[PDB]
Amino acid sequence: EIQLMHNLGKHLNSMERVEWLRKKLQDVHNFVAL
């Protein structure tokens, strides 16, 4: 498979990952969207 990157994000980059993980905790109980 493809496993040769540290903190990539799957469908985003490192600068997106840092915020991706921030939303990961603030989105479990919804983020005022739907």
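As stated in the entry header, the method of structure determination is solution NMR.

The title given to this PDB entry is "STRUCTURE OF HUMAN PARATHYROID HORMONE FRAGMENT 4-37, NMR, 10 STRUCTURES".

What follows is about unusual backbone geometry. With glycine set apart, most residues show a phi of negative sign, and most peptide bonds adopt trans. In this structure, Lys 10 takes a positive phi of about 70 degrees despite not being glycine. Assignment of secondary structure puts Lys 10 in the segment before α1 (14-26). For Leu 34, which is not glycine, the phi dihedral falls at a positive 75 degrees. The residue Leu 34 is located in the segment after α1 in this model.

The description of an aromatic ring pair uses the distance of the two centres, along with the angle that the planes make with each other. What the rule picks out here adds up to zero aromatic pairs. Directly above the aromatic system of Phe 31 lies the positively charged group of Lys 23, at a separation of 3.6 Å from the ring centroid.

About the thresholds
Residues numbered from 1 in each chain as written, not as in the entry; some residues may be left out. Heavy atoms only, no water. Helix = DSSP H or I, 4+ residues; strand = E, 2+ residues; numbered from the N terminus. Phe/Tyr/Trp six-rings, centres within 6.5 Å; stacked < 30°, edge-to-face > 60°. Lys NZ or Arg CZ within 6 Å of the ring centre and 35° of its normal.

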